[PDB]
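J.: Dropping a structure here in structure tokens format, bear with me for questions.
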Amino acid sequence: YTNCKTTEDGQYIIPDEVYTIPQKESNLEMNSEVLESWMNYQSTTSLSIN
Amino acid sequence: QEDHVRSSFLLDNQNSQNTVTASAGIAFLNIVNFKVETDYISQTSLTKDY
């Protein structure tokens, strides 16, 4: 680090023996799977004897 | 950027109602009088959601 070489954007210090290519690539993958089930059973029995 | 949304909704409903009314009335000359009646009501509801 004799010459204190800095990255071009100025965010990090690199030593003399290395060089950085700024391949700033971001890959995001969001997967969402929602399964819903609803069951309702209603029975009503009315008996009348008069 | 790519987005894929697949939504599938299903609903089934079955409602069955049965009503049976049976009445019998006999009336003589103010000597014998018999009146009877029977009512049977049955309602069944079933729902299924996905």
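These protein sequence lines are chains A and B, in that order.
Be aware that the first sequence starts at 67, since it is given in UniProt numbering, and climbs by one per residue.
Be aware that the second sequence starts at 217, since it is given in UniProt numbering, and climbs by one per residue.
Beta carbons are placed, not taken as given, at the ideal position from N, Cα and C, and that holds for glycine.
1. Give the residues of chain B in contact with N93(A), contact being defined as C-beta atoms less than 9 Å apart.
2. Could you say which of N229(B), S239(B), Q230(B), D219(B) lies nearest to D255(B) if we only look at CA atoms?
3. Which residues in chain A have a C-beta closer than 9 Å to the C-beta of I257(B)? List them in chain order.
4. Since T254(B) is in the beta strand (DSSP E), which residue starts that stretch and which ends it?
5. Does the beta carbon of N106(A) sit closer than 8 Å to a beta carbon anywhere in chain B?
6. If the criterion is Cβ atoms closer than 8 Å, does the pair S112(A) and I257(B) meet it?
T.: Looking at the atomic coordinates:
1. Working through the first sequence from its first residue, we reach residue 93(A) at position 27. Within chain B, no residue has its beta carbon less than 9 Å from that of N93(A); the closest one is some 11 Å off.
2. Here residue 255(B) refers to the residue found at position 39 of the second sequence. Checked all of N229(B), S239(B), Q230(B), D219(B); the closest Cα to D255(B) is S239(B).
3. Numbered from its first residue, the second sequence carries residue 257(B) at position 41. By Cβ distance, chain A contributes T110, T111, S112, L113, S114.
4. Position 38 of the second sequence, counting from 1, holds the residue named residue 254(B). Following the DSSP letters along the chain, one finds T254(B) inside the beta strand (DSSP E) bounded by residues 249-265.
5. The residue given as residue 106(A) occupies position 40 in the first sequence. Yes, contact with chain B.
6. If you number the first sequence from 1, residue 112(A) lands on position 46. If you number the second sequence from 1, residue 257(B) lands on position 41. Cβ distance < 8 Å, so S112(A) and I257(B) count as in contact.
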